[PDB]
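Trainee: Next input, structure requested:
(one chain, ligands or ions: 3)
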Amino acid sequence: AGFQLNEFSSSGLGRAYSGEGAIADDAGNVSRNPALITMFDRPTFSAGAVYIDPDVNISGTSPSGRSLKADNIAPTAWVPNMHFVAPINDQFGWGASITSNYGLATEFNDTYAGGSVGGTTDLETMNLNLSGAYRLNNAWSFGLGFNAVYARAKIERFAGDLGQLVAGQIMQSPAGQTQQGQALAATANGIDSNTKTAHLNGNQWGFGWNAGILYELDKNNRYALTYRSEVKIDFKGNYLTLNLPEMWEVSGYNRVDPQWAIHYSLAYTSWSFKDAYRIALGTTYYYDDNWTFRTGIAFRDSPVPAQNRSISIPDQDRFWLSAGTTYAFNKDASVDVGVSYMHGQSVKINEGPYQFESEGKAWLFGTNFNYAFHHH
Ligand SMILES: CCCCCCCCOCCOCCOCCOCCO
Ligand SMILES: CCCCCCCCOCCOCCOCCOCCO
Ligand SMILES: CCCCCCCCOCCOCCOCCOCCO
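Mentor: Numbering: from 1, shown residues only. Ligands and ions are numbered 1, 2, ... in the order given. Below you will find the coordinate block:
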């Protein structure tokens with residue numbers, strides 16, 4: 001957040017989401033690349049959730065003299081996931097998942113000076129996916145997926161100190177000399193910071209598709225190109241379209257040893273004019289039959305000026321640092337747990353009449369349970 005999320009699995013969390021289009025140790029990855037369906041030879045289920053605990057802080061002084069300070073403006077969150085994939089044939093398979101690829105939340109007191117650009121911003125999203133895949137031969141697979149997205153938005157803004165700003169401007173102008181001018185300033189200054197200035201509530205569905213190609217040099221090495229379509233969501237509440245952006249991703253996975261694999265990816269996102277990319281690299285330690293270990297790093301760059309930035313929507317250049325571990329109870333069942341630390345960069349924000357600074361980070365903790373059907 002983002003507002004884009006990667007938290008589709010706890011195993012992925014532990015590898016900082018690196019080459020997620022090319023690994024297939026559990027069912028979570030089919031949501032990332034429907035072509036991976038052909039790596040599964042038996043019905044496979046997975047479920048869990050990621051707990052996100054952000055710490056995002058705003059600082060600054062308004063030209064009115066009011067503090068623009070705001071501690072801890074991003075609340076914690078639970079992001080659940082469920083996945084299922086199952087072969088139909090030696091060539092065909094299918095899968096289904098419930099995920100969220102998008103969400104954000106910021107809240108300021110309704111008494112905050114910068115209220116007109118920072119009150120309450122709440123977007124929750126749920127992706128429903130059905131996928132199919134076709135294996136052409138030993139090397140090549142293709143996957144196609146259909147997405148139903150449910151989105152719940154809540155916005156409120158407030159006057160903040162706007163009326164104090166207007167009072168300032170009026171008093172400064174020649175009109176500050178007149179009696180009508182003073183009165184008009186006083187009327188503006190007298191507007192409560194907590195005056196509700198805006199309010200939106202909406203819940204809507206949108207639809208999209210996604211596709212993927214898998215190339216396997218052999219059972220230890222593979223590469224993938226994936227594409228997620230944009231999804232548009234028209235809230236008839238009150239325009240008013242919310243645009244979930246395209247994503248392209250290239251992934252690679254190298255099992256360079258019975259005990260070691262690496263996995264990396266480049267992912268690209270453009271929207272609207274303003275794009276972003278993410279690179280990620282990680283390694284997996286297949287210690288033994290019971291224990292697997294997991295570590296990764298990532299970096300995301302969306303170079304957005306500063307007068308295009310929002311305090312209500314934090315989007316900085318960020319780093320991920322992750323470790324994880326999978327314990328398998330047997331050849332059928334396992335549990336993943338992931339941890340990640342997410343670090344933003346202190347950034348300047350010039351929005352409306354205000355100048356802020358913003359710095360954020362987050363701790364992530366995830367657990368998934370995996371189960372494959374038809375012993376063993
Ligand atoms: C590349 C072709 C696949 C693209 C189609 C996308 C939607 C496919 O979803 C179909 C899922 O339906 C599940 C069928 O249930 C299995 C029935 O047969 C199982 C026998 O083993
Ligand atoms: C009977 C005359 C009494 C004068 C009261 C007029 C209204 C006083 O409120 C003024 C509020 O303006 C705040 C000043 O803002 C800081 C100055 O710099 C801001 C430039 O706009
Ligand atoms: C548009 C192609 C971009 C390729 C990037 C990833 C390729 C990784 O595989 C390279 C090694 O594979 C050996 C080549 O295999 C023989 C020809 O088939 C390769 C087509 O991908």
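Trainee: For ligand 3, give me its nearest residue in the chain.
Mentor: Per C-beta to the nearest ligand atom, residue 223 is where the chain lies closest to ligand 3, at 4.5 Å. To be clear about C-beta, it is placed using only N, CA and C from the backbone, and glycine gets the same treatment.
Trainee: Is ligand 1 within reach of the helix or strand where that residue lies?
Mentor: Under the criterion of DSSP states H and E, residue 223 resides in strand 221-228. No - using C-beta under 6 Å from any ligand atom, strand 221-228 stays clear of ligand 1, with a minimum separation of 13.7 Å.
Trainee: Distance from the chain centre to that strand, please.
Mentor: 20 Å (C-alpha atoms, centre = their mean, to the nearest Å).
Trainee: which residues pair with the residue of the chain closest to ligand 3 across the strands?
Mentor: Per DSSP bridges, residues listed as beta-bridge partners of residue 223: residue 215, residue 252.
Trainee: what about whatever residue of the stretch 101-250 of the chain ends up closest to ligand 1, which SS state?
Mentor: As assessed by C-beta to the nearest ligand atom, ligand 1 sits closest to residue 132 within the stretch 101-250 of the chain, at 2.2 Å. Secondary structure, DSSP: H, G, I helix; E, B strand; the rest coil: residue 132 is strand.
Trainee: any idea how far residue 222 is from it?
Mentor: For residue 132, the distance to residue 222 equals 19 Å [C-beta to C-beta, to the nearest Å].
Trainee: Near the residue of the chain closest to ligand 3, how many other residues are there?
Mentor: 18 (other C-beta atoms under 10 Å).
Trainee: list the contacts for it?
Mentor: By C-beta atoms under 8 Å, 6 or more residues apart in numbering, residue 223 lies in contact with 22, 214, 215, 250, 251, 252, 253.
Trainee: Check residue 20 too.
Mentor: Taking C-beta under 8 Å, 6+ apart as the criterion, residue 20 is in contact with 6, 8, 12, 29, 32, 33, 249, 251, 263, 265.
Trainee: picking that back up, counting neighbours, which of the contacts of residue 223 end up buried?
Mentor: Neighbour-count burial (16 or more other C-beta atoms under 10 Å) is assigned, among those, to 22, 214, 250, 251, 252, 253.
Trainee: give the contact list for the second one.
Mentor: It refers to residue 214. By C-beta under 8 Å, 6+ apart, the contact list for residue 214 reads 22, 33, 35-36, 38-39, 140-143, 222-224.
Trainee: Could you pull out the helices in the stretch 51-200 of the chain for me?
Mentor: All helices of the stretch 51-200 of the chain, identified by DSSP state H, counting those that start in this stretch, fall at 162-172, 179-189.
Trainee: Now mean neighbour count and distance to residue 205 too, for those helices, in TSV please.
Mentor: Below are those laid out as TSV (neighbours: other C-beta atoms under 10 Å; distance: least, C-beta to C-beta, whole Å):
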stretch	mean neighbour count	distance to residue 205
helix 162-172	19	36
helix 179-189	14	42
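Trainee: okay, those helices in CSV with distance to ligand 1 next?
Mentor: Below are the helices of the stretch 51-200 of the chain laid out as CSV (distance: least, C-beta to the nearest ligand atom, whole Å):
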stretch, distance to ligand 1
helix 162-172, 51
helix 179-189, 58
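Trainee: Show me what from the stretch 201-350 of the chain comes close to ligand 3.
Mentor: So the stretch 201-350 of the chain meets ligand 3 at 215, 217, 223 (C-beta under 6 Å from any ligand atom).
Trainee: can you pull the contacts of the second one?
Mentor: Pointing back at residue 217 there. Counting by C-beta under 8 Å, 6+ apart, residue 217 has contacts residue 139.
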